[PDB]
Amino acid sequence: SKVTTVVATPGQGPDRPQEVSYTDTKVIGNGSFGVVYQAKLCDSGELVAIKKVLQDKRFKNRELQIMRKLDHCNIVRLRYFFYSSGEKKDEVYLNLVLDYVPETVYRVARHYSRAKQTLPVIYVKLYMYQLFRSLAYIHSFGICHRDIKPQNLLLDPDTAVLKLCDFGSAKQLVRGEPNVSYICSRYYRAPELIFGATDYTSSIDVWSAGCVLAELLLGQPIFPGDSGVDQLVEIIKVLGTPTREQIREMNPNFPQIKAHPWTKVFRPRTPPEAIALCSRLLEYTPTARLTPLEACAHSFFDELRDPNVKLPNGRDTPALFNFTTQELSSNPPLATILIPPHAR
């Protein structure tokens, strides 16, 4: 019954520290960033995640400032943050107390591939829709995630709620200010980033999302490259060689191969609207890619807007159409498609 009590500021609302008590601490994740724990809150009994990262006193933490201003059903809420000691001697650690979610897209996708099965397309629709909705929301603040990958996409297996969680690579993209090119997980990295682009946009997340979509359809990563130029070689094998104009659009500042047909890339009987969506995300030209809100309105997701749609377990789908004023503001016309007649 070992209770840890800390003094923590709530993620939203006034800067008034309060006592937060928790127990049953266990490791659920780690990385170069640091460590993620699971814990149980003493009062409520609810499970939480505690992300612990190393922190400097003078410089302000970017992830924290990003996470505090996000409030969305497809993003893990920052419940509280607090400072502590850890593995090092004279070092302060930032702790982010977040919503807990019991599964990941990676784990579900791997569990299916271990059984030689493709994930049922209803789950592909549900998870990809919720990813794009979360991206639209964060992109409305000018925030780019910069690390969309199956490992970071959290899942409740019973409700099929998807949640974004890792904002350790995230950044407000200002037009004119340069950004690092070596970002995102390699297999999900936009080709402009491989070309060394420093003036890139939020469309890198859409490319990454497209790689996740393709992976869910294929049962394995679409572009499993080695480091350096070889990741671009993996992309070229499907997309064909990029033209001089496509390179200029990617990085304004060669091995010539024909594009493999999108139908031949995917399995027999992969839904044409899945393939169609994928071809409009995995585009060389970053401006040619769908926006996240355009992606949500794509016909691949029409089954989600059917009033008789259910999860495989027989439950109702999660909240997909409760779009706020803030969500709709980036492209208000799409509200017609996105909020279907029965949800109005």
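Rigid core: the largest C-alpha set superposing within 1.5 Å between the two forms. The first residue of the sequence shown is number 1, and the count goes up from there.
The higher RMS C-alpha distance to the shown form in 9 other deposited structures of this protein, out of 268 to 276 and 227 to 235, belongs to 227 to 235, with every structure fitted on the core.
Core-fitted comparison in 9 other deposited structures of this protein shows that, between 151 to 159 and 254 to 262, the CA atoms farther from the shown form belong to 254 to 262. Notably, residue 87 is an intermittent gap: at least a third of the other compared entries of this protein, restricted to those modelling both its neighbours, have no coordinates for it. A chain break between residue 253 and residue 254 is present, corresponding to 4 to 9 residues of the deposited sequence without coordinates. For the two regions 169 to 177 and 113 to 121, the entry's Cα B-factors average higher over 169 to 177. The PDB entry records a higher mean C-alpha B factor for 267 to 275 than for its counterpart among 267 to 275 and 220 to 228. Remark: of 102, 242, 150, 191, 242 shows the highest value [criterion: C-alpha B-factor in the PDB entry]. By the numbers in the PDB entry, the CA B factor is greatest at 57 among 315, 40, 57, 52. Annotation for residue 35: C-alpha temperature factor in the highest third relative to the rest of the modelled chain, per the entry. The PDB entry assigns residue 258 a C-alpha temperature factor belonging to the highest third of its chain's modelled residues. Sorting the modelled residues of the chain by their CA temperature factor places residue 107 in the lowest third.
Per the deposited record, the Cα B-factor of residue 86 falls in the highest third when ranked against the other modelled residues of its chain. Per-chain ranking of the deposited C-alpha B factor places residue 138 in the middle third.
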